[PDB]
Structures are given as structure tokens and as C-alpha cells.
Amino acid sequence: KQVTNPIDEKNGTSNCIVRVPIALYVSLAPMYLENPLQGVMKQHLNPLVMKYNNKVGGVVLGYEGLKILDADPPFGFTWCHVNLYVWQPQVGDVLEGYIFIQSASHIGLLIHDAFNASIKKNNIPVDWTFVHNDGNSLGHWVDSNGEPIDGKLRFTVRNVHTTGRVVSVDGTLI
């Protein structure tokens, strides 16, 4: 879904991080009674951090302001409130990424040096040439004129692949 990401300023990049307050009803463990705060974070922490989620459709970079106090006049459950920060790239968005692993047919990028981005051969310039080297492999994709691929690449999101492990962006240099 989409709170549309505004492409803006002098970076021509579309900001994708959004702050999202949410209130949740969590299944507190028995082990964490008398201290549910540390409990809910074993519902929040590893659980969600750096791992894509569907209800908020994005990577949960981290939460801020956990307030368990959402209950106050035994006890299995509890209400709590927190603010998540979410990497929420959506189709059409204009992102930027560092060149990670390039290979004839499919260049690979790392957005913010941590999210998997890849553009298929189809989506590459076509006047860009891929030369192999002292590897045989040190292959490295140089453009028409001839500078080996820059280092940081501009590209538009064509799809975001949510699936079990690391989320993966499928982009195009049109």
C-alpha cells in the first residue's frame, strides 16, 4: 500500500523512511511479568528490526518510545504503544545505490549500503558494455563512452520483492 513517497529537493531521490505510531495488543510471556517492557521488546526487537513487515508494508528500522503503560488500574496479555520507523520503498520510487556485485546480465546494488537492489540486463542502458578481466572473474560493466560503472547508481523502483529473508528491490536504469 502507499503513503506515496515524495521525490524531492536537490537529490531527486524519493524519501522512503516514514515514522509510524502504532498501538499493539501483545501476548506477554509469563517470564516477563513484573517487567513487560523488556518483554514486549522480544515481540519488537529482533522480531521486527531490519525485517520487512506487511501490516506496515516496509522494513522496520527500529522503534522509539515503547510505552507499556497502556494498561494501568495472572495477566497473559497487554496493550502498548510505540513508534516504528519504516523503510517503505514502493514501485515507481527513485532510489540510489552503491555497486555491490556486477556480472554480465544483472547488476547488483546496496541501497544505504544495506538493502538488496538489482537491475536485470534487460533494464541496463544497452549501449553499456560488459568487459571481462584478470579474473576469468573481474568483469565490470563500462558505459558507451567508457568509464567503469561509477560507484553509486540512480534507478527507479520497478518492484519490491517481499519474501522470507532480506527484502529485495528490483530496479531499472531505463
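In case it trips you up, residue 1 is the first one in the sequence shown, and so on.
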(request) Check the entry and tell me how many residues of the deposited sequence have no coordinates between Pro73 and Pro74: none, 1 to 3, 4 to 9, or 10 or more. (result) 10 or more
(request) Could you bin the unmodelled part of the deposited chain lying between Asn136 and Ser137 as none, 1 to 3, 4 to 9, or 10 or more? (result) 1 to 3
(message) Mean Cα B factor from the PDB record: higher for 121 to 129, or higher for 60 to 68?
(response) 121 to 129
(request) On mean C-alpha B-factor from the PDB entry, just flag whether 49 to 57 or 141 to 149 is the higher one. (result) 141 to 149
(request) From the list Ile17, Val166, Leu24, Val20, select the residue with the highest C-alpha B factor recorded in the entry. (result) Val166
(request) Rank-wise, by C-alpha B-factor, drop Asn35 into the lowest, middle or highest third of its chain. (result) middle
